[PDB]
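Participant: Input upload-v8.txt, format and content: compact mmCIF, N, CA and C atoms.
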```txt
# COMPACT_ATOMS: atom_id res chain seq x y z
N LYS A 1 0.08 23.09 -7.03
CA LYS A 1 -0.29 21.89 -6.23
C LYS A 1 0.97 21.11 -5.91
N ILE A 2 0.91 20.29 -4.86
CA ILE A 2 2.09 19.52 -4.36
C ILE A 2 2.36 18.40 -5.36
N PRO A 3 3.60 18.26 -5.89
CA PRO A 3 3.93 17.13 -6.76
C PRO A 3 4.06 15.84 -5.94
N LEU A 4 2.94 15.15 -5.79
CA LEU A 4 2.86 13.85 -5.09
C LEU A 4 3.30 12.77 -6.05
N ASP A 5 4.03 11.80 -5.51
CA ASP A 5 4.39 10.54 -6.21
C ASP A 5 5.20 10.86 -7.46
N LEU A 6 6.03 11.91 -7.43
CA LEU A 6 6.95 12.28 -8.55
C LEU A 6 8.42 12.24 -8.14
N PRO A 7 9.11 11.12 -8.45
CA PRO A 7 10.53 10.91 -8.14
C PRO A 7 11.55 12.01 -8.47
N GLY A 8 11.31 12.81 -9.49
CA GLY A 8 12.31 13.82 -9.89
C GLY A 8 12.22 15.11 -9.10
N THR A 9 11.50 15.14 -7.97
CA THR A 9 11.16 16.44 -7.31
C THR A 9 12.43 16.99 -6.64
N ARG A 10 12.80 18.22 -7.00
CA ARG A 10 13.76 19.06 -6.25
C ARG A 10 12.99 19.95 -5.27
N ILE A 11 13.59 20.21 -4.10
CA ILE A 11 13.01 21.10 -3.05
C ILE A 11 13.81 22.40 -3.04
N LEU A 12 13.19 23.52 -3.39
CA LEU A 12 13.87 24.79 -3.74
C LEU A 12 13.72 25.84 -2.63
N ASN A 13 14.78 26.61 -2.39
CA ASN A 13 14.67 27.88 -1.64
C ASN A 13 15.56 28.90 -2.34
N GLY A 14 14.97 29.97 -2.85
CA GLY A 14 15.67 30.95 -3.70
C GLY A 14 16.38 30.20 -4.80
N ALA A 15 17.70 30.32 -4.88
CA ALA A 15 18.53 29.66 -5.91
C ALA A 15 19.08 28.32 -5.39
N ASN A 16 18.89 28.01 -4.11
CA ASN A 16 19.44 26.76 -3.51
C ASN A 16 18.41 25.65 -3.67
N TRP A 17 18.87 24.40 -3.58
CA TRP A 17 17.95 23.24 -3.54
C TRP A 17 18.44 22.28 -2.44
N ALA A 18 17.55 21.48 -1.87
CA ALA A 18 17.84 20.60 -0.72
C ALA A 18 18.61 19.35 -1.20
N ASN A 19 19.67 19.00 -0.47
CA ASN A 19 20.54 17.82 -0.70
C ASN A 19 20.58 17.00 0.59
N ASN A 20 20.83 15.71 0.47
CA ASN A 20 20.99 14.84 1.65
C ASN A 20 21.74 13.60 1.19
N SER A 21 22.72 13.14 1.98
CA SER A 21 23.57 11.95 1.71
C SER A 21 23.14 10.78 2.59
N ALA A 22 23.37 9.58 2.07
CA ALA A 22 23.22 8.28 2.77
C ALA A 22 24.07 8.31 4.03
N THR A 23 23.53 7.71 5.09
CA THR A 23 24.23 7.47 6.36
C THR A 23 25.24 6.32 6.18
N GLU A 24 26.52 6.60 6.44
CA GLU A 24 27.63 5.60 6.53
C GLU A 24 27.13 4.41 7.35
N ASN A 25 26.65 4.70 8.57
CA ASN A 25 26.01 3.75 9.51
C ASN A 25 25.05 2.84 8.73
N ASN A 26 20.00 5.01 15.46
CA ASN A 26 19.54 6.38 15.83
C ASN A 26 20.37 7.42 15.04
N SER A 27 20.46 7.25 13.72
CA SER A 27 21.43 7.94 12.84
C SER A 27 20.70 8.89 11.88
N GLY A 28 21.46 9.67 11.10
CA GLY A 28 20.94 10.78 10.29
C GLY A 28 22.03 11.70 9.75
N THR A 29 21.72 12.38 8.65
CA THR A 29 22.61 13.31 7.92
C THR A 29 21.84 14.61 7.69
N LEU A 30 22.58 15.71 7.75
CA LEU A 30 22.06 17.09 7.61
C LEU A 30 21.36 17.17 6.28
N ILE A 31 20.22 17.86 6.26
CA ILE A 31 19.63 18.36 4.98
C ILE A 31 20.30 19.70 4.65
N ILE A 32 21.00 19.73 3.52
CA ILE A 32 21.84 20.87 3.08
C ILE A 32 21.14 21.57 1.93
N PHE A 33 20.94 22.88 2.01
CA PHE A 33 20.55 23.69 0.83
C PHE A 33 21.82 24.25 0.19
N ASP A 34 21.92 24.18 -1.14
CA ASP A 34 23.14 24.48 -1.93
C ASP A 34 22.79 24.60 -3.41
N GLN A 35 23.71 25.14 -4.20
CA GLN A 35 23.66 25.20 -5.68
C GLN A 35 24.64 24.16 -6.25
N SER A 36 24.85 23.06 -5.56
CA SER A 36 25.56 21.88 -6.12
C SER A 36 24.99 20.63 -5.48
N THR A 37 24.86 19.55 -6.24
CA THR A 37 24.40 18.22 -5.76
C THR A 37 25.59 17.31 -5.48
N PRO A 38 25.66 16.69 -4.27
CA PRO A 38 26.80 15.83 -3.90
C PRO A 38 26.59 14.37 -4.31
N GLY A 39 26.33 14.13 -5.60
CA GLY A 39 26.17 12.77 -6.13
C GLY A 39 24.82 12.58 -6.78
N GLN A 40 24.69 11.50 -7.53
CA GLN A 40 23.47 11.16 -8.31
C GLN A 40 22.23 11.18 -7.40
N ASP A 41 21.31 12.09 -7.73
CA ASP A 41 19.95 12.18 -7.16
C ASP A 41 19.97 12.37 -5.64
N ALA A 42 21.05 12.92 -5.07
CA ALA A 42 21.06 13.38 -3.67
C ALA A 42 20.18 14.64 -3.52
N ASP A 43 19.75 15.23 -4.63
CA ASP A 43 18.88 16.42 -4.67
C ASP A 43 17.48 16.05 -5.17
N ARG A 44 17.18 14.75 -5.23
CA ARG A 44 15.90 14.22 -5.75
C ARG A 44 15.11 13.57 -4.60
N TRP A 45 13.85 13.97 -4.51
CA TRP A 45 12.95 13.75 -3.36
C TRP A 45 11.65 13.14 -3.88
N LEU A 46 11.00 12.34 -3.06
CA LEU A 46 9.70 11.71 -3.35
C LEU A 46 8.73 12.07 -2.22
N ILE A 47 7.64 12.77 -2.54
CA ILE A 47 6.59 13.19 -1.55
C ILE A 47 5.36 12.28 -1.70
N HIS A 48 4.95 11.65 -0.59
CA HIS A 48 3.72 10.82 -0.48
C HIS A 48 2.78 11.36 0.60
N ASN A 49 1.50 11.02 0.48
CA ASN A 49 0.50 11.10 1.58
C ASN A 49 0.98 10.22 2.74
N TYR A 50 0.82 10.75 3.95
CA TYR A 50 0.92 10.05 5.25
C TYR A 50 -0.12 10.70 6.18
N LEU A 51 -1.21 9.97 6.49
CA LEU A 51 -2.35 10.42 7.34
C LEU A 51 -2.79 11.82 6.91
N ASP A 52 -2.80 12.79 7.83
CA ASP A 52 -3.29 14.18 7.58
C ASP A 52 -2.18 15.03 6.94
N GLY A 53 -1.00 14.48 6.66
CA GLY A 53 0.05 15.24 5.97
C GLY A 53 0.81 14.38 4.98
N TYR A 54 2.13 14.52 5.00
CA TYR A 54 3.05 14.07 3.94
C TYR A 54 4.31 13.54 4.57
N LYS A 55 4.97 12.64 3.85
CA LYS A 55 6.35 12.19 4.15
C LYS A 55 7.21 12.57 2.94
N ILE A 56 8.48 12.85 3.20
CA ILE A 56 9.42 13.45 2.23
C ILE A 56 10.67 12.56 2.20
N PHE A 57 10.86 11.86 1.09
CA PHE A 57 11.87 10.80 0.92
C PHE A 57 12.93 11.26 -0.07
N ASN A 58 14.20 11.13 0.30
CA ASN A 58 15.34 11.46 -0.60
C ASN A 58 15.69 10.19 -1.36
N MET A 59 15.56 10.20 -2.69
CA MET A 59 15.82 9.02 -3.56
C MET A 59 17.33 8.69 -3.54
N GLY A 60 18.18 9.72 -3.43
CA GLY A 60 19.63 9.54 -3.34
C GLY A 60 20.01 8.77 -2.10
N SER A 61 19.59 9.26 -0.94
CA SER A 61 20.15 8.83 0.37
C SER A 61 19.29 7.71 0.96
N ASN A 62 18.06 7.54 0.47
CA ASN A 62 17.02 6.65 1.06
C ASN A 62 16.65 7.15 2.46
N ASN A 63 16.84 8.45 2.75
CA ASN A 63 16.49 9.01 4.08
C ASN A 63 15.13 9.72 4.04
N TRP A 64 14.47 9.76 5.19
CA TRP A 64 13.23 10.53 5.39
C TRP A 64 13.56 11.89 6.00
N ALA A 65 13.00 12.99 5.47
CA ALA A 65 13.10 14.31 6.14
C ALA A 65 12.35 14.19 7.46
N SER A 66 13.00 14.58 8.54
CA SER A 66 12.59 14.31 9.93
C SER A 66 13.06 15.46 10.81
N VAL A 67 12.28 15.81 11.84
CA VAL A 67 12.78 16.66 12.96
C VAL A 67 13.72 15.82 13.83
N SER A 68 14.86 16.40 14.19
CA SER A 68 15.87 15.80 15.09
C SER A 68 16.17 16.78 16.24
N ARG A 69 17.23 16.52 16.97
CA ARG A 69 17.60 17.30 18.17
C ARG A 69 17.74 18.78 17.79
N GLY A 70 17.30 19.66 18.68
CA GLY A 70 17.42 21.12 18.55
C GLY A 70 16.64 21.66 17.36
N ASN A 71 15.56 21.00 16.95
CA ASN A 71 14.69 21.49 15.85
C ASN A 71 15.48 21.54 14.53
N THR A 72 16.50 20.71 14.37
CA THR A 72 17.26 20.56 13.10
C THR A 72 16.45 19.59 12.22
N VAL A 73 16.36 19.85 10.91
CA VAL A 73 15.73 18.90 9.95
C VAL A 73 16.84 18.02 9.36
N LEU A 74 16.80 16.72 9.63
CA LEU A 74 17.75 15.70 9.11
C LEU A 74 17.04 14.75 8.13
N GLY A 75 17.84 14.05 7.33
CA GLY A 75 17.45 12.78 6.72
C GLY A 75 17.71 11.63 7.67
N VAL A 76 16.71 10.80 7.96
CA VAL A 76 16.91 9.61 8.84
C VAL A 76 16.50 8.37 8.06
N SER A 77 17.36 7.36 8.09
CA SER A 77 17.18 6.03 7.46
C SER A 77 15.89 5.35 7.93
N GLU A 78 15.45 5.54 9.16
CA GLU A 78 14.29 4.80 9.73
C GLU A 78 13.08 5.73 9.82
N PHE A 79 11.94 5.28 9.29
CA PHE A 79 10.71 6.10 9.25
C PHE A 79 10.14 6.14 10.66
N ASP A 80 9.60 7.28 11.02
CA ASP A 80 8.93 7.45 12.33
C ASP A 80 7.84 8.50 12.11
N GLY A 81 6.59 8.04 12.10
CA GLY A 81 5.36 8.85 12.00
C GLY A 81 5.38 10.07 12.90
N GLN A 82 6.11 10.03 14.01
CA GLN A 82 6.16 11.14 15.00
C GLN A 82 7.12 12.26 14.54
N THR A 83 8.17 11.93 13.80
CA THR A 83 9.25 12.87 13.44
C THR A 83 9.20 13.17 11.92
N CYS A 84 8.57 12.31 11.10
CA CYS A 84 8.73 12.31 9.62
C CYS A 84 7.46 12.79 8.91
N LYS A 85 6.45 13.22 9.66
CA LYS A 85 5.18 13.69 9.09
C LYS A 85 5.25 15.21 8.93
N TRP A 86 4.83 15.74 7.79
CA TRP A 86 4.82 17.21 7.61
C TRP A 86 3.46 17.71 7.12
N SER A 87 3.12 18.93 7.53
CA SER A 87 2.12 19.76 6.82
C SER A 87 2.84 20.57 5.75
N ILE A 88 2.32 20.50 4.52
CA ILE A 88 2.77 21.39 3.43
C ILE A 88 1.59 22.34 3.14
N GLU A 89 1.76 23.63 3.38
CA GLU A 89 0.67 24.64 3.29
C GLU A 89 1.04 25.71 2.26
N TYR A 90 0.12 26.02 1.35
CA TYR A 90 0.29 27.02 0.27
C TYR A 90 0.51 28.38 0.94
N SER A 91 1.49 29.16 0.48
CA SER A 91 1.91 30.44 1.11
C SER A 91 1.02 31.59 0.63
N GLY A 92 0.40 31.43 -0.54
CA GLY A 92 -0.36 32.50 -1.22
C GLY A 92 0.42 33.15 -2.36
N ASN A 93 1.74 32.92 -2.41
CA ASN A 93 2.65 33.57 -3.40
C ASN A 93 3.05 32.52 -4.43
N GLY A 94 2.90 32.83 -5.72
CA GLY A 94 3.10 31.90 -6.85
C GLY A 94 2.83 30.46 -6.42
N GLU A 95 3.88 29.63 -6.42
CA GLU A 95 3.84 28.17 -6.08
C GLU A 95 4.69 27.93 -4.82
N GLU A 96 4.55 28.78 -3.80
CA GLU A 96 5.44 28.75 -2.62
C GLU A 96 4.67 28.11 -1.48
N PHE A 97 5.32 27.23 -0.72
CA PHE A 97 4.71 26.41 0.36
C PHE A 97 5.54 26.60 1.61
N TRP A 98 4.95 26.36 2.79
CA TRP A 98 5.62 26.20 4.11
C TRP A 98 5.55 24.71 4.46
N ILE A 99 6.67 24.09 4.84
CA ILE A 99 6.72 22.68 5.34
C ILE A 99 6.76 22.80 6.85
N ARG A 100 5.71 22.35 7.53
CA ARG A 100 5.54 22.59 8.97
C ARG A 100 5.43 21.29 9.76
N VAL A 101 5.80 21.37 11.05
CA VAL A 101 5.44 20.35 12.07
C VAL A 101 3.91 20.25 12.10
N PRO A 102 3.33 19.03 12.00
CA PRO A 102 1.88 18.86 12.07
C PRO A 102 1.53 19.14 13.53
N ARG A 103 0.54 20.00 13.77
CA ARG A 103 0.17 20.38 15.16
C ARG A 103 -1.34 20.59 15.19
N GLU A 104 -2.02 19.75 15.98
CA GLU A 104 -3.44 19.93 16.37
C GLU A 104 -3.56 21.34 16.94
N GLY A 105 -4.29 22.22 16.26
CA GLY A 105 -4.35 23.63 16.66
C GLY A 105 -3.69 24.54 15.66
N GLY A 106 -2.85 23.98 14.76
CA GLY A 106 -2.02 24.73 13.79
C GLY A 106 -0.84 25.43 14.44
N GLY A 107 -0.26 26.40 13.73
CA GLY A 107 0.91 27.21 14.15
C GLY A 107 2.19 26.38 14.35
N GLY A 108 2.34 25.28 13.61
CA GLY A 108 3.57 24.46 13.61
C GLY A 108 4.78 25.22 13.07
N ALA A 109 5.89 25.15 13.77
CA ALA A 109 7.18 25.69 13.30
C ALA A 109 7.48 25.14 11.88
N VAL A 110 8.20 25.92 11.07
CA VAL A 110 8.36 25.62 9.63
C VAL A 110 9.84 25.45 9.27
N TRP A 111 10.10 24.80 8.15
CA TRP A 111 11.45 24.74 7.56
C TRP A 111 11.93 26.17 7.37
N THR A 112 13.08 26.49 7.97
CA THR A 112 13.79 27.79 7.93
C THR A 112 15.24 27.56 7.45
N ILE A 113 15.58 28.09 6.29
CA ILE A 113 16.94 27.95 5.69
C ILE A 113 17.74 29.18 6.15
N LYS A 114 18.82 29.00 6.93
CA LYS A 114 19.54 30.10 7.64
C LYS A 114 20.35 30.95 6.65
N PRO A 115 20.26 32.29 6.72
CA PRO A 115 21.02 33.12 5.79
C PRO A 115 22.52 32.93 6.04
N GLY A 116 27.14 29.46 -0.65
CA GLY A 116 27.64 28.41 0.26
C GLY A 116 26.53 27.50 0.77
N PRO A 117 26.86 26.37 1.44
CA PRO A 117 25.87 25.41 1.92
C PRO A 117 25.21 25.89 3.21
N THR A 118 23.98 25.47 3.48
CA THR A 118 23.17 25.95 4.63
C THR A 118 22.31 24.82 5.17
N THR A 119 22.11 24.77 6.48
CA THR A 119 21.25 23.79 7.16
C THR A 119 19.81 24.31 7.26
N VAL A 120 18.93 23.46 7.77
CA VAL A 120 17.48 23.71 7.89
C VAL A 120 17.12 23.47 9.35
N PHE A 121 16.33 24.38 9.94
CA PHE A 121 15.80 24.20 11.31
C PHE A 121 14.35 24.68 11.34
N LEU A 122 13.68 24.34 12.43
CA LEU A 122 12.26 24.67 12.66
C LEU A 122 12.22 25.96 13.46
N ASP A 123 11.47 26.95 12.97
CA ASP A 123 11.21 28.23 13.68
C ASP A 123 9.76 28.67 13.41
N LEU A 124 9.23 29.53 14.28
CA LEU A 124 7.90 30.15 14.14
C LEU A 124 7.81 30.72 12.73
N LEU A 125 6.66 30.52 12.09
CA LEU A 125 6.36 31.05 10.76
C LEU A 125 6.31 32.58 10.85
N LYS A 126 7.05 33.21 9.92
CA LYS A 126 6.97 34.65 9.56
C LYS A 126 6.58 34.67 8.09
N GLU A 127 5.36 35.11 7.80
CA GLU A 127 4.73 34.94 6.47
C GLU A 127 5.59 35.58 5.38
N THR A 128 6.34 36.62 5.72
CA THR A 128 7.04 37.51 4.77
C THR A 128 8.48 37.02 4.53
N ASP A 129 8.98 36.07 5.34
CA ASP A 129 10.40 35.66 5.35
C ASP A 129 10.68 34.69 4.21
N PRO A 130 11.48 35.10 3.20
CA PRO A 130 11.73 34.27 2.02
C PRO A 130 12.52 32.99 2.34
N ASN A 131 13.21 32.98 3.48
CA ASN A 131 14.01 31.84 4.01
C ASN A 131 13.12 30.71 4.51
N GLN A 132 11.81 30.91 4.56
CA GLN A 132 10.87 29.82 4.94
C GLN A 132 9.95 29.50 3.77
N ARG A 133 10.16 30.12 2.61
CA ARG A 133 9.35 29.85 1.39
C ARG A 133 9.98 28.70 0.62
N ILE A 134 9.22 27.61 0.41
CA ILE A 134 9.67 26.41 -0.37
C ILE A 134 8.90 26.33 -1.70
N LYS A 135 9.60 25.93 -2.77
CA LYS A 135 9.05 25.56 -4.10
C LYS A 135 9.50 24.14 -4.42
N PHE A 136 8.68 23.43 -5.18
CA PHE A 136 8.92 22.06 -5.66
C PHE A 136 9.05 22.13 -7.17
N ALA A 137 10.18 21.72 -7.74
CA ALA A 137 10.35 21.68 -9.21
C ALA A 137 10.47 20.22 -9.61
N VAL A 138 9.65 19.76 -10.55
CA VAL A 138 9.68 18.35 -11.05
C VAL A 138 10.60 18.30 -12.27
N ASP A 139 11.59 17.38 -12.26
CA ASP A 139 12.61 17.20 -13.33
C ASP A 139 13.51 18.44 -13.40
```
What would you get if you wrote out this structure as structure tokens?

Facilitator:
Amino acid sequence: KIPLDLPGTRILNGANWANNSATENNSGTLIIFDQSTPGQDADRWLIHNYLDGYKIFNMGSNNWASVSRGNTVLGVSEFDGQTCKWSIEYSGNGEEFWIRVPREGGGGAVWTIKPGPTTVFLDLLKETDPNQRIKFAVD
């Protein structure tokens, strides 16, 4: 089940976990998957209910996981229901989820970690692709 309202949540893909830094500053910072954290709790996330889906908050950076230009997933300082809402859907495999664009009709593009540090973008779901499989680890 989705760890709702749990501050210590790491967002996992294979051996990497999602990181995001505070904006120095319509601004935003890359969501980076890596096996190193760039400062205290830059790898710590808070998931809440938002309408028919979820919002994903980085406790380190105070940024919201959001769709940005070119289907890139960024942390953005300012919340926007249009860019910051996600569907989290069980994959069928252990505790693995797809984080998708909420779409009336379904078939929303999903978090895709590109095959060191790596960025996240939205692409069509391929059920078998481990680069779109997300796990949530608490503490």

Participant: Any chance you could tabulate, as a tab-separated table, the residues of stretch 41-105 of chain A at most 5 Å from stretch 19-31 of chain A with each one's nearest atom pair and distance in Å to one decimal, using all atoms listed in the file, in chain and rising number order?

Facilitator:
```
residue	atom	partner	partner_atom	distance
A:42	C	A:20	N	4.2
A:43	CA	A:19	CA	4.5
A:61	CA	A:22	N	3.7
A:73	C	A:31	N	4.6
A:74	CA	A:31	N	4.3
A:75	N	A:29	C	4.1
A:76	CA	A:28	CA	4.4
```

Participant: Which of these residues is nearest to residue A:121, using only C-alpha atoms: A:92, A:82, A:68, A:133?

Facilitator: A:68

Participant: What does the structure give for the distance between atom N of residue A:50 and atom CA of residue A:118, in Å to one decimal?

Facilitator: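 Between these atoms lies a distance of 27.0 Å.
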
Participant: Around the point (5.4, 20.5, 6.2), in the coordinates given by the file, pick out the residues reaching within 5 Å, counting all atoms listed in the file, and return them as number ranges by chain.

Facilitator: A: 86-88, 98-101

Participant: I need the residues from that last selection saved to file as a short mmCIF file (atom, residue, chain, number, x, y, z; two decimals), in the frame of the given file (with N, CA and C atoms), if you can.

Facilitator:
```
data_model
loop_
_atom_site.label_atom_id
_atom_site.label_comp_id
_atom_site.auth_asym_id
_atom_site.auth_seq_id
_atom_site.Cartn_x
_atom_site.Cartn_y
_atom_site.Cartn_z
N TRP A 86 4.83 15.74 7.79
CA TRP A 86 4.82 17.21 7.61
C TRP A 86 3.46 17.71 7.12
N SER A 87 3.12 18.93 7.53
CA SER A 87 2.12 19.76 6.82
C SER A 87 2.84 20.57 5.75
N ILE A 88 2.32 20.50 4.52
CA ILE A 88 2.77 21.39 3.43
C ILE A 88 1.59 22.34 3.14
N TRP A 98 4.95 26.36 2.79
CA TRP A 98 5.62 26.20 4.11
C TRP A 98 5.55 24.71 4.46
N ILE A 99 6.67 24.09 4.84
CA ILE A 99 6.72 22.68 5.34
C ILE A 99 6.76 22.80 6.85
N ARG A 100 5.71 22.35 7.53
CA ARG A 100 5.54 22.59 8.97
C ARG A 100 5.43 21.29 9.76
N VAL A 101 5.80 21.37 11.05
CA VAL A 101 5.44 20.35 12.07
C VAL A 101 3.91 20.25 12.10
#
```

Participant: A:106, A:93, A:39, A:78: which is nearest residue A:62, counting all atoms listed in the file?

Facilitator: A:78

Participant: From the list A:69, A:117, A:2, A:126, which residue is nearest residue A:38 when using only C-alpha atoms?

Facilitator: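 Between A:69, A:117, A:2, A:126, the residue approaching residue A:38 most closely is A:117.
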
Participant: How many Å separate atom CA of residue A:94 from atom N of residue A:9?

Facilitator: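 So the two atoms, atom CA of residue A:94 and atom N of residue A:9, lie 18.8 Å apart.
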
Participant: Could you give me, as JSON, numbers by chain, each residue of chain A that DSSP assigns to strand (DSSP E or B) when run on this structure's backbone?

Facilitator: {"A": [9, 10, 11, 12, 13, 16, 17, 18, 19, 29, 30, 32, 33, 34, 45, 46, 47, 48, 49, 50, 53, 54, 55, 56, 57, 58, 64, 65, 66, 67, 72, 73, 74, 75, 76, 86, 87, 88, 89, 90, 97, 98, 99, 100, 110, 111, 112, 113, 118, 120, 121, 122, 123, 134, 135, 136, 137, 138]}

Participant: Figure out the distance between atom CA of residue A:70 and atom N of residue A:127, please, to one decimal in Å.

Facilitator: 21.4 Å

Participant: Applying 7 Å and all atoms listed in the file, which residues near residue A:3 remain after dropping the ones on its own chain fewer than 6 positions away? List them as a ChimeraX atom specification.

Facilitator: /A:47-48,136

Participant: Taking only N, CA and C atoms into account, which of A:5, A:102, A:16, A:139 comes nearest residue A:49?

Facilitator: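 Smallest distance to residue A:49 is found for A:5.
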
Participant: I need the residue nearest residue A:37 from this list: A:79, A:64, A:54, A:17. Use all atoms listed in the file for the distance.

Facilitator: A:17

Participant: Name the residues in contact with residue A:122 at a cut-off of 8 Å, using only C-alpha atoms, excluding same-chain residues fewer than 5 positions from it; report them as a CSV table (one decimal) with N, CA and C atoms, keeping the file's coordinate frame.

Facilitator:
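Result file selection.csv:
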```csv
chain,number,residue,atom,x,y,z
A,71,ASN,N,15.6,21.0,17.0
A,71,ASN,CA,14.7,21.5,15.8
A,71,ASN,C,15.5,21.5,14.5
A,72,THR,N,16.5,20.7,14.4
A,72,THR,CA,17.3,20.6,13.1
A,72,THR,C,16.4,19.6,12.2
A,73,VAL,N,16.4,19.8,10.9
A,73,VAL,CA,15.7,18.9,10.0
A,73,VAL,C,16.8,18.0,9.4
A,100,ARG,N,5.7,22.4,7.5
A,100,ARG,CA,5.5,22.6,9.0
A,100,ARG,C,5.4,21.3,9.8
A,109,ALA,N,5.9,25.2,13.8
A,109,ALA,CA,7.2,25.7,13.3
A,109,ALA,C,7.5,25.1,11.9
A,110,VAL,N,8.2,25.9,11.1
A,110,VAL,CA,8.4,25.6,9.6
A,110,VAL,C,9.8,25.4,9.3
A,111,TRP,N,10.1,24.8,8.2
A,111,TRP,CA,11.4,24.7,7.6
A,111,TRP,C,11.9,26.2,7.4
A,112,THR,N,13.1,26.5,8.0
A,112,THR,CA,13.8,27.8,7.9
A,112,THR,C,15.2,27.6,7.4
```

Participant: Would you list, as a ChimeraX atom specification, the residues of stretch 28-135 of chain A that end up in helix (DSSP H, G or I) under DSSP run on this structure's backbone?

Facilitator: /A:69-71,130-132

Participant: Excluding residue A:13 and its own-chain neighbours fewer than 6 positions away, which residues fall within 8 Å of it when counting only C-alpha atoms? Please give them as JSON, numbers by chain.

Facilitator: {"A": [33, 113, 130, 131, 132, 133, 134, 135]}

Participant: Taking all atoms of stretch 105-115 of chain A that appear in the file, build a box with edges along x, y and z, extend it by 6 Å on every side, and state its centre and edge lengths in Å to one decimal, as AutoDock Vina command-line options.

Facilitator:
```
--center_x 9.1 --center_y 27.7 --center_z 11.2 --size_x 38.9 --size_y 22.9 --size_z 23.0
```
